[PDB]
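Chemist:
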Amino acid sequence: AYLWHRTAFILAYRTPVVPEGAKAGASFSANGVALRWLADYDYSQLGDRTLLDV
Amino acid sequence: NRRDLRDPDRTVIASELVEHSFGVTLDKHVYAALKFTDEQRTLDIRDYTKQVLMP
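Quick note, the sequences are listed as chains Q and 3, same order. Counting in the deposited numbering, the first sequence runs from 220 upward without gaps. Counting in the deposited numbering, the second sequence runs from 56 upward without gaps.
1. Residue ranges of each beta strand (DSSP E) run of no fewer than 3 residues wholly in the stretch 225 to 260 of chain Q, ordered along the chain?
2. Could you name the residues of chain 3 that residue 263 (chain Q) contacts, counting a contact when the two beta carbons are closer than 9 Å?
3. With H, G and I counted as helix, E and B as strand and the rest as coil, what does DSSP make of residue 96 (chain 3)?
4. In this structure, does DSSP put residue 108 (chain 3) in helix, strand or coil?
5. For residue 269 (chain Q), report the span of its beta strand (DSSP E) as first-last.
6. Spatial neighbours of residue 252 (chain Q) within its chain, please: CB distance less than 7 Å, with the 5 preceding and 5 following residues excluded, ordered by chain position.
7. I'd like to check one pair, residue 263 (chain Q) with residue 65 (chain 3): are the Cβ atoms closer than 8 Å?
8. What's the gap between the Cα of residue 110 (chain 3) and the Cα of residue 75 (chain 3)?
9. Which same chain residues, not among the five before or five after residue 56 (chain 3), have their C-beta less than 8 Å away from its C-beta?
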């Protein structure tokens, strides 16, 4: 069991900026955190690729 | 081109757009030439249009 004052643990989040040269992805939410969703084709492997980061 | 579905390799075969060409040319000079000695021009020929130009 842990008993902590609010000012004990500091947590910092940041949402990556969708780069200029990328397909316009969406932004998602996880318990109040903003998540960057990116998608990009792969013609060499003939398949889609997706990323979701923070 | 056709490839098997769900094939582990993903390479595709490109296609080149090859255009061909051929030439058209002028190569002949069709003519009809007539020489009339002055004696023939004065005496023999009596109607130039009907007797020379039309032939």
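Heads up, the beta-carbon is just placed ideally off N, CA and C, and yes, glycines get one too.
Modeler: Concretely, from the data shown:
1. You should have 246 to 249.
2. For residue 263 (chain Q), the C-beta contacts it makes with chain 3 under 9 Å involve 65 and 66, in order along the chain.
3. Residue 96 (chain 3): helix per DSSP, three-state reduction.
4. Residue 108 (chain 3) falls in the helix class under three-state DSSP.
5. Element bounds for residue 269 (chain Q): 266 to 272.
6. Counting only residues of its own chain and dropping the five nearest sequence neighbours on each side, residue 252 (chain Q) has a CB closer than 7 Å to the CB of 232 and 273.
7. The answer is yes: Cβ separation under 8 Å.
8. Approximately 45 Å between the Cα atoms of the pair.
9. Here residue 56 (chain 3) has 67, 68 and 70 as same chain residues with Cβ atoms under 8 Å from its own Cβ, once five neighbours each way along the sequence are excluded.
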